[PDB]
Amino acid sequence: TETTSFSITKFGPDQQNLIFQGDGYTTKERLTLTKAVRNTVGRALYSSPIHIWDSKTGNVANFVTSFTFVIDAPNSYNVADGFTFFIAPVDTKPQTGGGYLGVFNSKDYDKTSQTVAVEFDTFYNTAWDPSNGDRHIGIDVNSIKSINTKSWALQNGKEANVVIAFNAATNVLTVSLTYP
């Protein structure tokens, strides 16, 4: 049996158990992935690898993560691109920016990507996003095209709490966002 757990209630300026990529850094006790500035990507990874399954036994792990995040736009109409929680290979590195959320490089399914992400997508990219143009939560596996989506109305500058849990026995991934 293996377990990994951690919590960070407040982020400090030297948060050495995280790996920062792009412009992500910690400031005013927050993890800042992007400032309100054009064309940037920020990522932050937990420094320890996690053993999500074992080939020798076939066992798969359960996990739960909860986090509070905020998106702050100028106004609630010109807001982009969104945010992701992702699971990727140990050596992951930023992929395309903009509507690919730094995590995918095609709308086409790519088995070499090996990453699944829960996105909170704030901008409609006609080419792969829900046709109704709404902002939405989606589960992405190897592509920026979600396997499923749920519309969400962004409360600009509000703190949002999310819980994501994976249950290995039923293979179910549940995502919950709440604005309190």
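Numbers follow the displayed sequence, beginning with 1.
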Entry B factor averaged over C-alpha atoms, 60 to 68 against 25 to 33: higher for 25 to 33
Entry B factor averaged over C-alpha atoms, 73 to 81 against 106 to 114: higher for 73 to 81
Per the deposited entry, the peak Cα B-factor within the set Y46, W53, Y124, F120 goes to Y124
Tertile call for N161 (CA temperature factor, within chain, third-based) is the middle
Temperature factor at the Cα of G42, chain-ranked in thirds, falls in the lowest
